[PDB]
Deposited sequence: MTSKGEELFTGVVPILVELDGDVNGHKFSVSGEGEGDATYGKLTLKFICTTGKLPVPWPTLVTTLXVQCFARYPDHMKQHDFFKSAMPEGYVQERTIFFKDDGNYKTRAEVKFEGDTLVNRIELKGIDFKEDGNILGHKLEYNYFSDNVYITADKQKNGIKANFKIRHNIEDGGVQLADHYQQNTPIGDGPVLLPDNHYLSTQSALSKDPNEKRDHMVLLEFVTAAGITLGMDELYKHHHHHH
């Protein structure tokens, strides 16, 4: 196999996610668990707002809350930066601009802790409208899909990406979220820097009928393409 970290994703891998957030001074934490099967590009995750009521819409946190689980086709194995940085991991940073509203700034570490792939994230949101689509909770909760456009960032021994999410507004149009992303390896080992390509990602959101806490169940597929 073309990286050593690739070998860690051949079977089902357990996942943990920990997020601390602050959006316009509304603080919150989210804890997630589940598993990923990179063979199929398949993620099954469940998140709990551990601070009680989430002050932003669940759909707006999906992209922040493990692209190492992408399915790369055989012909594209040399373009998988994410697995190549494992097990030491990578830093993933974003700015997410919500059109006509505020932005999220995120910093995460994605790495193995024992046998578990752990995503630890700090999120800060500023300049939101208290009655806009985000803090006013005006988004639909269901499904979204888009493409993550990835390019190499050789100067940082990593990658960049950008993409746009169209979040449906309930009885409305969409709320756009323009994402800009950077990833850099945590370790000193060699990594794979890719040619331009994209991750086709579909995120289906649901509720656990036995869960009384504020929560999100996510079923997601992530597939590399474009080469």
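- Counting from residue 1 of the deposited sequence, the stretches lacking C-alpha coordinates in this chain are 66, 229-243.
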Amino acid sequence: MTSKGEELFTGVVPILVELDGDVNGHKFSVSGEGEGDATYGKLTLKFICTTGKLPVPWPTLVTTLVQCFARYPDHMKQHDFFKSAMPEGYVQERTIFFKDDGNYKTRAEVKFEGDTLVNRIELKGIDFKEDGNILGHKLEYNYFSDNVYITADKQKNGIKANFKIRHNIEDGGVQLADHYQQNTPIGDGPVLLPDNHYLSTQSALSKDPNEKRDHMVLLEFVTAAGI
From here on, numbers count along this sequence of modelled residues.
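- When the mean C-alpha temperature factors of 35-43 and 183-191 are read from the deposited coordinates, 183-191 comes out higher.
- Across the two stretches, 142-150 and 125-133, the PDB entry reports the greater mean Cα temperature factor for 125-133.
- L176: CA B factor lies in the lowest third for its chain, per the PDB record.
- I48: CA B factor in the middle third of modelled residues in this chain (values from the PDB entry).
- Per-chain ranking of the deposited C-alpha B factor places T106 in the lowest third.
- Ranked by Cα temperature factor within the chain, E220 sits in the lowest third according to the deposited record.
- The deposited CA B-factor of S84 belongs to the middle third of values across its chain.
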